[PDB]
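Heads up, the thing below is written out as structure tokens.
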Amino acid sequence: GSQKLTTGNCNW
Amino acid sequence: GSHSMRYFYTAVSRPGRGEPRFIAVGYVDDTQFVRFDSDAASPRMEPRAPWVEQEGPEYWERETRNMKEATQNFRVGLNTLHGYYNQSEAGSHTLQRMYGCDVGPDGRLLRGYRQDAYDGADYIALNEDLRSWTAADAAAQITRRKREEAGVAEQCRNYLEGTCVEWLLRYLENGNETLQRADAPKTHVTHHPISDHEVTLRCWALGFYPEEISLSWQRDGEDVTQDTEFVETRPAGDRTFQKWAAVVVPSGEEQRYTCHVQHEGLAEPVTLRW
Amino acid sequence: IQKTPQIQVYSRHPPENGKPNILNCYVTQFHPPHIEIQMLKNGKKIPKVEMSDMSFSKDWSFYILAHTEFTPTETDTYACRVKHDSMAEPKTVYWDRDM
């Protein structure tokens, strides 16, 4: 079970 | 006893040779079960162990969607970080991630991780408390800022404590006949004469699982490691592992030496002689 | 920082002249993840060579497994060739029966 993306347009 | 599920992301830019390639592999313990390569003719998440094949269509839809979004996301990461570091437009750069969870013999969470690396070096990681970040440098702290301000840690905790553990337990069950079982090494000793005065004694351990193993040589029952030649533990390709350990000994004193092997699949340690 | 790739070449089962086997080329400990790997029979590219997925270890370095079916004989030599940015010259390792 891979982790869903991650909301926030703020990952990097 | 104790088990782990981990995912491994890798993105690699290739300036003037196309958009950054993204590669993923899933593991349970030392067993790969899932894979993904963005350069595949048709980029799908694909099964690499029997006990996932059984998963329904909806599963693979979800997984593939996550991999495709991952490659998009990581490509942005590569571009953003390239800017922070203000690097030349020349060569390749990589962005890695490793995440997952361990569960104890009791089947409950033990510790979760979610590490990122830029160009082979730590960049940012999720602290073991699952609510803070360790930034390795000036740049990473900018990232840290954005992730805290967006509540990214909480989301990660949610997956790691819940979803990640649930899946792991599910996989442990569905493939118990191989994941929960240890294969003992198949040991032997070979004899390779150098000259009329010295010969090599190589001690093999083959077809074992998992990869955690210990090989050693003794003389008359006493150690002598700074003398021993190893090879790193290598996969055989069939989901088991290999490893050997050699010592150079005086032609005629072979009886002095015994090889000693300890593995999870052995009821008790083993002793070999030539 | 570039890491030079470590190479091991070895069969899946103990070698027996004239008995079908799997020859493995284990390439580890390198960076970046861009790499070319081919396998040589007597010094001539082998067509069908399977390539496991590019994974990596605790120190972030990459590893990959190349392998192809083969049948050992007394005379036929086998080897592994690796092109990697960290090396100006391609690196070749010959398979040893005893290792």
Side-chain angles (χ1 to χ4, degrees), chain A, chain B residues 4-13 19-27 36 38 66-88 91-102 109-165, chain C residues 1-3 31-33 54-62:
Chain A
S2 64
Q3 180 176 14
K4 225 149 272 162
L5 178 59
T6 236
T7 190
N9 207 15
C10 293
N11 286 302
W12 305 105
Chain B
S4 64
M5 188 187 63
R6 334 210 207 200
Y7 282 102
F8 300 80
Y9 295 2
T10 307
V12 222
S13 61
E19 303 307 315
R21 182 190 200 174
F22 177 87
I23 275 178
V25 290
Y27 273 96
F36 178 99
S38 65
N66 282 163
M67 291 303 90
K68 286 182 175 180
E69 265 166 4
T71 136
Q72 169 78 94
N73 180 243
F74 269 58
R75 284 180 178 173
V76 172
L78 284 177
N79 180 70
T80 299
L81 276 58
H82 187 271
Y84 295 168
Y85 293 98
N86 216 287
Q87 316 187 256
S88 281
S92 301
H93 297 284
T94 93
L95 191 45
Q96 279 155 282
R97 180 169 288 162
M98 121 74 172
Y99 69 89
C101 48
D102 306 331
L109 186 57
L110 248 45
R111 50 170 297 156
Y113 30 66
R114 210 248 206 185
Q115 302 163 215
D116 304 5
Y118 188 71
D119 283 334
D122 292 339
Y123 181 82
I124 191 167
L126 192 65
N127 288 329
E128 198 182 352
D129 66 6
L130 304 191
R131 348 195 171 228
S132 54
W133 309 88
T134 296
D137 62 29
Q141 268 142 10
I142 305 182
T143 303
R144 174 215 286 166
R145 237 178 302 282
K146 301 190 190 185
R147 292 194 179 177
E148 254 144 19
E149 291 187 3
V152 153
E154 186 179 356
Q155 311 180 44
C156 294
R157 202 169 68 248
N158 280 19
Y159 163 83
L160 283 173
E161 284 175 331
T163 305
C164 177
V165 177
Chain C
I1 308 181
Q2 290 180 323
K3 292 207 194 76
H31 199 288
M54 185 92 56
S55 183
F56 63 92
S57 300
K58 274 298 179 176
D59 64 338
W60 300 114
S61 61
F62 295 95

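By convention in this document, chain letters (A, B, ...) are assigned in the order of the sequence lines, proteins followed by strands, and residues within each chain are numbered from 1. Only heavy atoms go into these numbers, but all of them, side chains included; no hydrogens, no water, no symmetry mates.
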Worksheet item: Out of curiosity, B:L126 CG to B:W133 CH2, how far, rounded to the nearest 0.5 Å?
Response: 4.5 Å

Practice prompt. Look up atom CZ in B:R21 and atom OG in B:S92, then write down how far apart they are to the nearest 0.5 Å.
Written response: 12.0 Å

Item to complete: Using side chain to side chain contact (heavy atoms under 4.5 Å, CB included) as the criterion, list what pairs up with B:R111, not counting sequence neighbours.
Response: B:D102, B:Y113, B:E128

Fill in: 4.5 Å side-chain heavy-atom contact, A:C10 and B:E149
no

Worksheet item: Checking side-chain contact (heavy atoms from CB on, under 4.5 Å) for the pair B:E19/B:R75: CA distance, chi angles, key distance, verdict?
Response: CA-CA 8 Å; B:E19 303 307 315; B:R75 284 180 178 173; 3.5 Å; yes

Worksheet item: If you round to the nearest 0.5 Å, how far is OG1 of A:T6 from CD of B:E154?
Response: 11.0 Å

Worksheet entry | Sidechain-backbone polar pair: B:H93 side chain, B:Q87 backbone, donor-acceptor under 3.5 Å | no

Worksheet item: So, does B:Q96 use its side chain to make a donor-acceptor pair with the main chain of C:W60 at under 3.5 Å?
Response: yes

Worksheet entry | Closest contact, heavy atoms only, B:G100 versus B:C164 | C-SG, 3.8 Å

Fill in: Donor-acceptor under 3.5 Å (B:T94 side chain, B:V12 main chain)
no

Discussion item. Using every non-hydrogen atom in the two residues, find where C:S55 and B:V25 come nearest and quote the distance to one decimal.
Written reply: OG-CG2, 3.8 Å

Item to complete: Could you walk me through whether B:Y85 and B:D137 pass side chain to side chain donor-acceptor pair (under 3.5 Å), step by step?
Response: CA-CA 10 Å; B:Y85 293 98; B:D137 62 29; 2.6 Å; yes

Worksheet item: Looking at the rings of B:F74 and A:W12, which for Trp means the six-membered one, are their centres under 6.0 Å apart?
Response: yes

Worksheet entry | ring pair (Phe, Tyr, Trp, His ring centres under 6.0 Å) against B:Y27, all qualifying residues, sequence neighbours excluded | B:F8

Practice prompt. Enter the distance from B:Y9:OH to B:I23:CD1 here, rounded to the nearest 0.5 Å.
Written response: 13.5 Å

Worksheet, complete the sentence: What one should report as the nearest heavy-atom pair of B:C101 and B:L160 is CB-O, 4.2 Å

Fill in: Salt bridge B:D116-B:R147, side-chain N to carboxylate O under 4.0 Å
yes

Item to complete: Keeping the roles fixed (side chain from B:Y99, backbone from A:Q3), state whether a donor-acceptor pair exists under 3.5 Å.
Response: yes

Worksheet item: Does B:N127 have any side chain to side chain contact (heavy atoms under 4.5 Å, CB included) partners at least two apart in sequence or in another chain, and if so, which?
Response: B:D129, B:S132, B:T134

Fill in: side chain to side chain donor-acceptor pair (under 3.5 Å) between C:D59 and C:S57, intermediate numbers included
CA-CA 6 Å; C:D59 64 338; C:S57 300; 4.8 Å; no

Response to the item:
d(B:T80 OG1, B:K146 NZ) to nearest 0.5 Å is 5.5 Å

Worksheet item: Nearest 0.5 Å, what's the SG-CZ distance between B:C156 and B:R131?
Response: 12.5 Å

Worksheet entry | Any side-chain heavy-atom pair of B:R97 and B:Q115 under 4.5 Å | no

